[PDB]
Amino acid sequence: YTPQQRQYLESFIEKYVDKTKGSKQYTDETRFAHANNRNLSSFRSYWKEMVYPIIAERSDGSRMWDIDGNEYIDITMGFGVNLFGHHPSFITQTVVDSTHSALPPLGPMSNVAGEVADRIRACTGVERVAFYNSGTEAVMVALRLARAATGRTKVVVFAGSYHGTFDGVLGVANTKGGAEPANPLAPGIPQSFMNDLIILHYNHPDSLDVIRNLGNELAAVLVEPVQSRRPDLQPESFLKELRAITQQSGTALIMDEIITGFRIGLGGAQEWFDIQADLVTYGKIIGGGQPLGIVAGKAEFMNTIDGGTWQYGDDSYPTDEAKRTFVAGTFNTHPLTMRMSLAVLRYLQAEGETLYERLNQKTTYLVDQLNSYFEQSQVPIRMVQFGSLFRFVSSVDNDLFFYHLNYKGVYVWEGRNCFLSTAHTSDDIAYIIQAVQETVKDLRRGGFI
């Protein structure tokens, strides 16, 4: 740092820590007892004094309040969960109803999950629907179903995708590239968990050749249709060709829609690109704020959950029993979660396409205004977008930029996926725009352009 930059940083740190001193003290006091990876976010030794997560006390609509009483316009929105803002009326009413109703328990099967599955079919075109406890679990199950249905083991995923924390997806590409096995992402992940994993470049044509030439050996291609980390990469022709290749080879095309599902539109990315996957994973929005992961798709693959359907009154039996895999789960189809998922689906189906048109348009406005400002002021920042997911792209110190946004009342978690919600008003969008402009001005004054 130049002296001018050092002087600015020291003054900013003092004001930042004073504003969020309670989050700092809570983090330091609980760090040992409560082990959490997020207590390392953007750690650097020379500014370790402002390296701590923001601790929340309250939320409502587009707003979050921290334990220092600071108010934020929230563009984290529960990592993408809170499409409708915090505590939408129909979610709150669902919880209120559950306190008065002698809610059925875990143990017996759910009396609501059937209608949830029906409405997911109506919204998305999937054939069969299964319920688990996180997006991570849903991805793990989806891979198992593809392998069980096909009798194969090898799976392709794309570099820069995120698919949860199942060890079988936690790899990085081989030194030699191609169809060679992955290496572990981190300590504690054994090489054996990488032997059936292949990581390829997304939207590189030669990846389509590797997959084509791998052919009948691949149990699945697992794709994040729009990768959250690069919202602007929307490779329709790559995805359509991937669909044609895997269909011909009998390989499961698994689309990870844990973010794009129920966000870009009611039918998710499948509907946006008009591509029907074999298996899809859903999560985040679809639980209504409750934890949820879903695997859904074509019977040819989903039959490995129950061995396939059959009827009463005849001699039918599960015809896919020889390919049925092992699945389970204590908290599957939780009674409150199923009622919240039902409330989300009821609301989305009643509100119709205009909900998404208005929300996507509101995000396009935010992205367009900021990109014009960056161009007008010659700032090396750019907004990228897919629907109501958006991100900042910059060569300025990203960590320093986001500390300013958070300081100015715009809450951005460390992973930096940003979302608008149906609860974000015109006033809120203007506030975000102003906070970004003041941040550019401040960093310019500090010598950080």
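Numbering starts at 1 and runs along the sequence shown.
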query	finding
Of 311-319 and 335-343, the stretch whose C-alpha atoms average the higher B-factor in the entry	311-319
396-404 versus 50-58 - which carries the larger mean C-alpha B factor in the record	396-404
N36, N70, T27, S45, ranked by C-alpha B-factor: the highest one	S45
Out of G188, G114, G215, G329, highest CA B-factor residue	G215
Lowest, middle or highest third - CA B-factor, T20	middle
Chain third (lowest, middle, highest) by recorded CA B-factor, residue given as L389	middle
Lowest, middle or highest third - CA B-factor, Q93	middle
Chain third (lowest, middle, highest) by recorded CA B-factor, residue given as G178	highest
CA B-factor ranking of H100, expressed as a third of its chain	highest
